[PDB]
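J.: Shown below is the structure under consideration.
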Amino acid sequence: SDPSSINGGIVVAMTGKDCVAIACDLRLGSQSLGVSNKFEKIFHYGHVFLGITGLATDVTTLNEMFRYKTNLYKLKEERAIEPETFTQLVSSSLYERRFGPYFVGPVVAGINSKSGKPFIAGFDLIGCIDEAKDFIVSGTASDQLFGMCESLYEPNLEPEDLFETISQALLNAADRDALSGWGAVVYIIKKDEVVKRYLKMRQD
Amino acid sequence: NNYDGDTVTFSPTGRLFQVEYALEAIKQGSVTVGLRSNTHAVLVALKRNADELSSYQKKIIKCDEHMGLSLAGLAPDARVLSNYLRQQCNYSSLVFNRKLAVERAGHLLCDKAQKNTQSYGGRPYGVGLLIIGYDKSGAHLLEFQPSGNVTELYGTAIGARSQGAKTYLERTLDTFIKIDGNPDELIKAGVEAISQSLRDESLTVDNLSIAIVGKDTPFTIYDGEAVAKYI
Amino acid sequence: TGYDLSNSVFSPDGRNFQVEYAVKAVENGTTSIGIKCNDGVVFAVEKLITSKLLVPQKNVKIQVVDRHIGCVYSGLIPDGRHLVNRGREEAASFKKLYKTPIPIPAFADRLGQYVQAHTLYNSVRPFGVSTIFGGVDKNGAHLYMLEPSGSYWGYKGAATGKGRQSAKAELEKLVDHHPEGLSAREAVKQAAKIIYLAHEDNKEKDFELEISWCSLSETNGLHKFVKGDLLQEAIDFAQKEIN
Amino acid sequence: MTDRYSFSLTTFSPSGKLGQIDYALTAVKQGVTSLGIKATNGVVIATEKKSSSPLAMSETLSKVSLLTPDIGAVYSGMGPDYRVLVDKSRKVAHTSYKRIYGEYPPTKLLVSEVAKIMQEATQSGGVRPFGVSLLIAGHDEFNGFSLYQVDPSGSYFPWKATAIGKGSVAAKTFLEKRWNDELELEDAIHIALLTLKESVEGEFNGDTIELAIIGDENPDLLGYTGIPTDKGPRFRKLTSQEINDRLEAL
Amino acid sequence: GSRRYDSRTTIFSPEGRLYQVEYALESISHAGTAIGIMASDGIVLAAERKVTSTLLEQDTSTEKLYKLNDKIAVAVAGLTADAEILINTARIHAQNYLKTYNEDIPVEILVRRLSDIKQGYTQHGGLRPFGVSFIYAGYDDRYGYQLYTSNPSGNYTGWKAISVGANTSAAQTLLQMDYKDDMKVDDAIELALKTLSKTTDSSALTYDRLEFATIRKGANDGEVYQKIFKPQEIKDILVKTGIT
Amino acid sequence: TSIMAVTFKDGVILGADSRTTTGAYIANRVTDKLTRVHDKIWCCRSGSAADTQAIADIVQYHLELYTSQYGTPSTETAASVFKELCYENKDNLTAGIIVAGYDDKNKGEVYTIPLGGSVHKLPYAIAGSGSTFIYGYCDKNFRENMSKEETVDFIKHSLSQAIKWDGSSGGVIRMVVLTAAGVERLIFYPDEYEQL
Amino acid sequence: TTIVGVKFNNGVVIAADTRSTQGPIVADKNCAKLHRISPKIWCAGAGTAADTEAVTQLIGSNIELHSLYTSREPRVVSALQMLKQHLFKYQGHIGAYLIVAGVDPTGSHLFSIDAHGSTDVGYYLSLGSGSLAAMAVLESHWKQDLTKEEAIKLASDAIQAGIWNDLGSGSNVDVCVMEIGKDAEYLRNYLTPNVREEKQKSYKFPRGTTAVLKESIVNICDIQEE
Amino acid sequence: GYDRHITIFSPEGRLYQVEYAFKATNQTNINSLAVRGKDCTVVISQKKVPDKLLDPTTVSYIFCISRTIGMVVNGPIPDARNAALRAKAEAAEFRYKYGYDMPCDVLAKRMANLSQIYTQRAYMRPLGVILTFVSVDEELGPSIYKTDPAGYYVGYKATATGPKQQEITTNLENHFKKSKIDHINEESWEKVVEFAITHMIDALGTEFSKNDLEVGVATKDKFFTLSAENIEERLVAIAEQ
Amino acid sequence: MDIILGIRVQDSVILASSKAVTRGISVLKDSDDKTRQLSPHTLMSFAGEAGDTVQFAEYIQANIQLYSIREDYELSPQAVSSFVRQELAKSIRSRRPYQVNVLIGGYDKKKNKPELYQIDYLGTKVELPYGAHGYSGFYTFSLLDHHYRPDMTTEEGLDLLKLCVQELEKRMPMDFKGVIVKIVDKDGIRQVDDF
Ligand SMILES: [Cl-]
Ligand SMILES: [Mg+2]
Ligand SMILES: [Mg+2]
Ligand SMILES: [Mg+2]
Ligand SMILES: [Mg+2]
């Protein structure tokens with residue numbers, strides 16, 4: 001009945017020294033029934049990465065919408081959109097549906113190509129921006145993720161250390177949520193290289 | 001000349017030529033007569049055929065039990081205006097339980113015709129109407145022009161050669177106004193009036209159209225052998 | 001040239017020729033007048049008897065707006081009726097929102113703005129009437145005259161139609177000979193005389209006189225038609241003066 | 001009523017000319033001269049304040065207008081047409097950009113929006129083209145400093161330096177001889193004042209000349225302190241005194 | 001009323017021609033020449049800017065060649081402002097298709113859509129037509145490399161090599177002479193520049209008077225790359241082909 | 001709310017408490033409920049603060065535009081404009097307004113517009129939650145043609161009792177006097193009116 | 001949320017806490033609730049956080065255009081009128097509760113605004129879940145003719161009362177001072193009385209702790225030449 | 001030659017309908033003048049009542065737009081009243097939306113923008129009027145802003161409009177060349193009205209009675225027009241020195 | 001309606017759909033075909049609210065047939081599934097949404113691969129080796145999770161499907177009157193007339 005917990009799933013993002021990380025589980029379900037273990041929730045438009053939790057039809061719709069908008073942006077601006085600018089576009093787009101909203105929890109992650117500064121941001125279903133220095137969480141196990149991140153996180157972690165921290169944050173949070181799991185992906189993002197890693201985890 | 005292309009243009013002498021041209025269509029139409037006493041009101045109309053195989057074009061239209069008109073000019077325009085009168089008579093009865101006064105019916109027709117003389121895109125109506133009726137103030141006769149001008153009269157005529165009938169009624173004024181409680185004699189006076197406008201042709205059984213309304217007489221139209229009595 | 005073929009076009013003079021042509025239709029119409037008296041206004045009009053077949057006293061020309069305003073006009077009669085219909089809508093909406101009956105200066109501008117609006121576009125034709133109107137409100141009596149251009153002013157006396165020059169001269173005499181003012185009953189008598197005198201420009205056909213008035217003392221500030229004995233008395237006074 | 005002019009008033013003639021656009025350009029040609037010069041560290045736009053009467057207060061008539069904090073505009077041609085275009089340009093910078101992306105548009109894209117409005121007045125029903133040419137100067141993070149010309153047709157072109165209106169042909173020749181890619185902003189202002197003197201008949205001072213720059217950020221004109229990333233507008237209109245100081249070193 | 005001032009932009013002549021379309025084509029014949037050549041391994045777009053100035057900022061300037069998406073580009077001949085209206089519409093159509101079907105829009109479908117928009121202005125609305133002719137260069141996985149043109153009438157046709165704008169009669173004859181089916185991109189680059197060099201109304205063909213673009217599968221493995229040439233890169237290819 | 005308006009010999013006086021509540025919390029203890037819609041036409045507001053502020057702003061706009069065209073509006077006219085808004089939007093509004101004004105021709109007038117949007121011209125009017133407790137007192141103590149000092153005392157004593165018994169009412173007693181002489185604001189503090 | 005506004009000698013000061021919640025969970029520990037309508041008109045928002053931000057930016061945008069149109073610096077009464085009419089029209093569905101303060105050519109001003117469109121005037125105001133705690137402090141220590149230093153002190157003390165006593169409020173105090181004839185000074189994190197203590201343990205993992213199935217490079221670059 | 005009938009460009013880049021609207025402006029044959037004092041703004045205009053049948057109290061070309069703003073019009077009365085009604089509606093709406101009184105210069109800009117639209121849109125004709133707005137603005141002080149059929153507007157130290165505007169303009173120019181200040185250095189508005197009437201008499205070369213003039217005065221927080229008896233008192237003071 | 005199943009094997013996609021139509025109290029029909037051919041190599045089965053199912057399926061069919069004629073080209077299964085998803089995602093925020101769940105089985109002639117897409121009435125799309133809607137998956141997925149191989153033949157897929165239907169007939173309370181089975185491969189669409 002509650003649209004934000006029909007399909008399940010989680011996303012988490014973190015900042016490190018000259019890098020950012022964003023990660024998500026791979027489950028899609030119909031309440032109790034597990035339907036897919038390959039439903040990735042992280043997308044990217046140029047060097048800007050977007051994770052989306054919540055109602056899966058809206059996850060797909062918003063990805064298609066932001067691909068649409070960032071493609072037109074690039075054609076007109078003659079440059080790729082930056083994380084700070086894209087964050088405002090997500091907020092604007094969500095608020096235009098104020099009284100008929102998309103039931104989602106978006107998360108933005110990326111590095112500004114000009115300043116080199118790591119950037120992350122989170123939103124509620126209607127556009128309110130949470131721009132944290134440390135970490136952003138979203139999904140049906142957000143409480144669990146808040147608990148993991150608050151204890152595991154420390155500032156200025158090197159890329160390969162940040163990978164271990166965010167991976168352990170996701171995995172252990174997902175294992176305490178019925179509607180999350182069935183695989184996981186972690187993106188490690190540096191100024192001009194991005195590595196994608198699929199994690200081995202329990203499949204119940 | 002340069003000022004007759006549309007109804008939205010005055011001439012240098014302050015004339016509206018499109019309205020005057022619409023008035024001309026009435027003069028080409030067949031003659032119809034209207035006259036009244038204090039108890040009854042009568043319409044007499046000369047119907048026109050296309051040829052010997054054709055029917056004679058109807059000239060009189062009923063608007064309500066107490067009101068109706070006769071036409072001269074563009075017949076489809078009379079259908080539009082009579083339909084509007086039927087609706088207005090009907091609105092008055094349904095909403096106010098009131099029979100629409102003949103004078104008020106004239107005011108409504110004036111205002112409807114006026115809007116077509118001051119706006120771009122439209123055109124004036126190309127028909128003249130004679131409205132008779134019996135209401136709370138007795139018998140009435142009205143003459144409508146598509147310029148918007150509506151006039152209350154004892155008697156009148158419109159159409160081709162209508163001047164002959166109009167002069168006759170102007171002479172007979174004192175006689176026919178006194179024909180109270182005698183429908184047949186009032187119609188006789190109307191048939192004699194329309195006869196002053198005939199040339200070459202005479203009033204036959206499928207040529208003549210008569211209508212009457214009065215104190216205890218609903219608006220009724222007579223055609224065919226029903227008018228042989230008056231030929 | 002061609003500046004006079006379309007409404008709302010400025011000529012090289014800065015003139016709207018279509019509005020000036022509408023004035024020609026007004027000048028072609030019958031004579032109508034208005035007289036401002038001590039506590040009200042009087043309106044009168046010439047009605048040409050085209051034929052004996054016209055029913056006397058039936059084709060009424062003067063029109064009431066609300067219950068306190070009278071309107072008379074010369075030119076295209078249907079155009080005048082259209083303007084009065086709008087005036088009645090304006091007066092109704094004013095009273096609906098503000099409760100009090102529309103003041104005469106307020107009513108004047110409502111007609112003025114509407115007539116002016118018909119000089120702004122080529123998709124409409126200007127009004128072919130000059131309208132004399134007025135009545136009594138909380139600040140007293142008011143008389144106005146409104147032209148095809150939308151132009152209007154307040155008047156002590158007003159006249160329009162074919163016999164306007166004759167009428168104006170008669171009105172000017174009354175203003176000079178009565179600086180203190182004219183009574184309502186006097187104004188009715190004078191209005192009858194002026195129409196009879198102005199009928200010389202239309203002397204071919206005979207006519208019918210029609211008078212109305214609004215007076216604080218005589219009609220309680222309501223618009224009424226002059227009828228019966230008071231009308232005959234005014235006709236007699238008028239006939240005596242022309243002989 | 002109703003607008004019954006739903007058809008184009010600008011149409012192709014047998015020779016392929018769009019008459020109304022050509023005639024609009026003729027109106028621009030009669031207009032007072034305005035110019036723009038781009039330097040390495042800024043842009044300058046300038047024009048003459050042709051006062052219609054000495055009783056008129058010409059400071060109340062702004063020929064050089066701020067569109068965004070980092071973008072300014074000047075014109076040649078019909079003043080009233082310019083004024084409404086400035087209103088529309090200021091609004092479209094918000095409605096079609098700032099309310100979406102949370103930042104002011106880059107110069108080239110605001111120019112693109114103004115151009116679109118001018119193009120539509122050339123094709124839409126019942127309207128004439130705008131009788132102005134615009135010079136729009138601005139700065140943005142990724143494109144740097146830039147200068148654009150927009151014409152009645154809606155066409156726009158980027159310039160290193162240019163002039164429009166009355167004495168544009170002579171002014172453009174003057175600018176070709178003086179412009180190089182190593183000019184500092186003060187050098188460009190100096191050249192602007194020299195160029196503008198040639199097309200001005202009467203008084204030539206700070207009160208008869210209108211001049212503005214796109215240069216360094218002005219934290220003193222921001223109106224608030226406390227946010228490090230907000231450093232103030234790059235658009236600045238020079239005062240009457242500031243112009244006169246540079247007319248002594250002329 | 002208003003009828004007096006109506007030019008009636010959407011009527012036939014007695015000969016069955018559309019006045020405004022014909023006159024718009026007359027306008028386009030004075031625009032700078034644009035050429036498109038299709039090869040087996042790519043497409044070339046070359047176009048001449050109209051009598052420029054030394055003070056024009058060329059490296060940030062665009063009047064001829066526009067990107068519609070990553071696979072399709074257009075060369076413009078006519079009113080630049082009119083072209084940008086249509087270009088923006090085409091960019092939106094391409095994205096609408098991508099959102100709906102999750103595949104890049106086939107070249108012809110985009111061309112047909114823009115051409116239908118042009119057609120509408122000739123049949124209804126009483127507005128003037130767009131004074132623009134396009135050359136469409138694009139790639140999709142159905143027909144591969146494709147060249148199209150459209151004009152103010154809304155008619156479109158496919159080509160191996162084509163020109164629009166000024167001196168198309170002379171340009172088309174030169175292309176018809178030297179074009180061969182087994183031609184390669186590097187050869188097509190040379191043909192396009194040689195044709196412009198001969199048909200130009202200017203005294204000589206230099207880098208500052210040109211816009212240039214290639215669409216190549218010269219992108220690392222089975223994918224397509226668009227290359228809008230920079231001023232220095234146009235200068236180099238002019239020296240390489242021996243024109244300057 | 002405890003609001004009232006009272007006509008007297010020289011004109012009319014409006015009175016009000018200053019308490020605005022959200023449940024039992026006093027969101028504002030120094031509220032001004034006496035509101036100017038024209039120079040010498042004011043109103044007392046009761047009900048939803050959003051609604052009555054929105055209505056009063058629209059009326060002020062209407063009377064400002066009336067004045068520019070037709071000169072000073074009557075108190076009856078101001079009451080009519082209030083009524084039109086309250087009657088036509090009765091489904092969506094919770095507003096109880098008392099309109100008071102001074103003409104030179106009509107002198108002091110009071111109109112009350114309750115929930116339904118009806119209009120009632122009265123010698124004096126009381127409204128708001130606190131008015132229930134002073135129907136008896138006001139009916140017994142009101143006289144026509146009182147002096148300024150008597151009317152100030154009548155309102156002060158009346159609203160004192162309304163405040164004493166109604167928890168929703170309180171704070172200071174504000175008053176606005178409307179006469180030929182002009183517009184005078186009065187304020188009375190708790191230490192004054194509580195000992196009455 | 002706790003937000004306050006306090007008038008003083010030559011201007012007005014507003015303050016706010018920095019905690020934003022989603023039920024009982026703290027979403028952001030250092031949230032920015034002081035919003036800029038114009039350079040010298042600032043407002044603080046409680047209620048639906050997207051609404052307070054959205055309504056502030058819309059009116060702020062229209063205020064900027066109005067300022068350019070009229071060639072005048074924006075007025076607080078204009079921001080107030082535009083905000084209340086917008087909120088009334090939406091009948092309380094836009095859940096924005098605002099304290100609007102600022103300086104303009106008319107002087108210094110302080111207003112509050114409820115979500116339904118009603119406004120009020122005052123020398124001291126408070127809004128949000130911690131408004132009762134804050135108002136207790138304001139009613140205890142407010143006086144007429146406060147100095148700038150006294151008003152900043154009173155405003156932050158009122159926010160502290162909300163921080164310590166209201167569960168809906170916490171973390172830091174943000175302040176903005178608007179004085180007549182001066183630039184508005186935004187003091188972000190004016191007080192920081194809630195820094196977390198050092199943890200007992202480091203939770204940095206040994207590298208290779210997480211089990212991995214597949215690795216791959218993600219192509220973020222555009223289609224390449226040659 | 002339909003480029004002369006509607007507002008489209010002629011081959012010279014001119015708008016003839018706009019130019020002809022400027023000519024309609026002088027159809028009333030009335031001259032107006034406006035000046036600024038220290039605390040006030042004064043506007044005077046000729047009053048001509050050619051018909052004895054007219055009520056002279058209703059003949060006026062000065063309008064009270066708002067409490068603070070006054071407007072004098074040069075042009076036919078129908079177009080004048082059209083502009084007046086619209087200005088009144090705009091001023092009232094402004095106060096409702098933005099919570100403060102519409103400034104004189106802002107209203108002028110708004111009416112000028114409306115005029116600009118009539119010069120660009122074909123279906124609407126220009127109004128054949130010139131509008132002079134006056135007030136004592138709360139930010140800018142005494143203010144004169146004038147609008148025309150081209151959509152042009154600007155502020156003025158002083159201004160004149162009508163058939164004989166040039167004579168009045170030069171007279172005013174010469175005075176301000178002497179004084180070297182942007183206003184009439186006088187405390188009371190009565191003396192600023194006396195200055196305005198005196199310099200109109202000098203420029204036109206005609207004497208005025210109380211019924212030949214029409215006067216409007218703007219002070220802080222109100223604009224008002226003078227009665228015939230107030231003007232008479234002004235004329236008496238002028239004659240007595 | 002009730003049970004719809006799908007399985008993608010080596011070289012084909014197999015769709016199985018129940019034959020029963022029940023109007024509350026009575027079974028009105030036992031031979032109903034709950035499928036529509038969208039294009040020569042694309043089949044769509046459906047289940048949901050009465051009326052809306054057939055109305056939606058035929059509407060989609062008409063649109064894909066229109067595209068095929070306009071372009072003289074068959075859309076890929078991926079492209080068709082995306083079009084269908086968008087229509088349902090549009091529908092869910094309408095005045096009265098389509099209450100319809102679909103499976104799309106297609107053979108991509110370009111990639112020479114079978115493809116199975118599962119889309120629910122909200123517009124939730126997933127590509128799967130095997131799928132179902134309603135309660136069908138609750139009974140059959142444990143069997144498919146055990147026996148499924150990506151290199152299965154069509155005959156092995158039909159046998160695994162028979163085991164799924166047998167489990168449904170055993171443990172489901174409703175009588176769905178058997179299933180109609182259709183195969184989608186490189187040669188097009190055909191019906192298995194004995195199952
Ligand atoms: Cl505007
Ligand atoms: Mg789990
Ligand atoms: Mg499990
Ligand atoms: Mg109490
Ligand atoms: Mg026009």
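By order in the structure tokens, chains are A, B, ...; within a chain, residues start at 1; ligands start at 1, following the order shown.
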So that I can see what lies close to residue 81 of chain C, please list as a list in words the residues with an atom at most 10 Å from it, counting only C-alpha atoms and leaving out residues fewer than 5 positions away in the same chain.
T.: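 Counting only C-alpha atoms, the residues come to residues 107, 110, 111, 114 and 148 of chain B; 61, 62, 63, 71, 72, 73, 76, 86, 87 and 129 of chain C.
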J.: Find the residues near segment 223-225 of chain E: any atom within 7 Å, counting only C-alpha atoms, skip ones fewer than 4 places away on the same chain, and give them as a VMD selection string.
T.: (chain E and resid 71 215 to 219) or (chain G and resid 223 to 225)
J.: Could the residues in this selection be saved with C-alpha atoms as an mmCIF file, in the first residue's frame?
T.:
data_model
loop_
_atom_site.group_PDB
_atom_site.id
_atom_site.type_symbol
_atom_site.label_atom_id
_atom_site.label_comp_id
_atom_site.auth_asym_id
_atom_site.auth_seq_id
_atom_site.Cartn_x
_atom_site.Cartn_y
_atom_site.Cartn_z
ATOM 1 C CA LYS E 71 24.612 10.473 -34.302
ATOM 2 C CA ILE E 215 30.845 11.703 -38.978
ATOM 3 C CA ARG E 216 33.151 8.676 -38.804
ATOM 4 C CA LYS E 217 33.125 5.112 -37.510
ATOM 5 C CA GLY E 218 36.710 6.209 -36.974
ATOM 6 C CA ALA E 219 35.714 5.949 -33.329
ATOM 7 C CA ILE G 223 32.860 8.585 -27.771
ATOM 8 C CA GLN G 224 36.544 8.947 -28.725
ATOM 9 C CA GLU G 225 38.284 10.047 -31.947
#
J.: Could you list, as a ChimeraX atom specification, all residues that come within 10 Å of ligand 4? Count only C-alpha atoms and all ligand atoms.
T.: /F:1,17,19,130,160-171
J.: Separation of atom CA of residue 65 of chain E and atom CA of residue 184 of chain E, in Å?
T.: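 Between atom CA of residue 65 of chain E and atom CA of residue 184 of chain E the gap is 21.4 Å.
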J.: Please report the interatomic distance between atom CA of residue 127 of chain D and atom CA of residue 130 of chain E in Å with one decimal.
T.: 16.7 Å
J.: Grab me every residue within 9 Å of ligand 3, counting only C-alpha atoms and all ligand atoms, and send it over as number ranges by chain.
T.: A: 32-34, 178-179, 203-204
J.: Kindly export the residues of the current selection with C-alpha atoms, as an mmCIF file, in the first residue's frame.
T.:
data_model
loop_
_atom_site.group_PDB
_atom_site.id
_atom_site.type_symbol
_atom_site.label_atom_id
_atom_site.label_comp_id
_atom_site.auth_asym_id
_atom_site.auth_seq_id
_atom_site.Cartn_x
_atom_site.Cartn_y
_atom_site.Cartn_z
ATOM 1 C CA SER A 32 7.261 -10.420 -0.152
ATOM 2 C CA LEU A 33 7.981 -11.866 -3.626
ATOM 3 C CA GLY A 34 11.509 -11.359 -4.977
ATOM 4 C CA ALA A 178 13.720 -7.955 4.303
ATOM 5 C CA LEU A 179 13.186 -5.897 1.133
ATOM 6 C CA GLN A 203 20.893 -14.376 -1.338
ATOM 7 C CA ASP A 204 17.963 -14.578 1.114
#
J.: Might you pull out every residue within 12 Å of residue 151 of chain F, with only C-alpha atoms counted and same-chain residues fewer than 5 positions away left off, and present them as a PyMOL selection string?
T.: chain F and resi 4-15+124+138+141-146+156-158+175-178
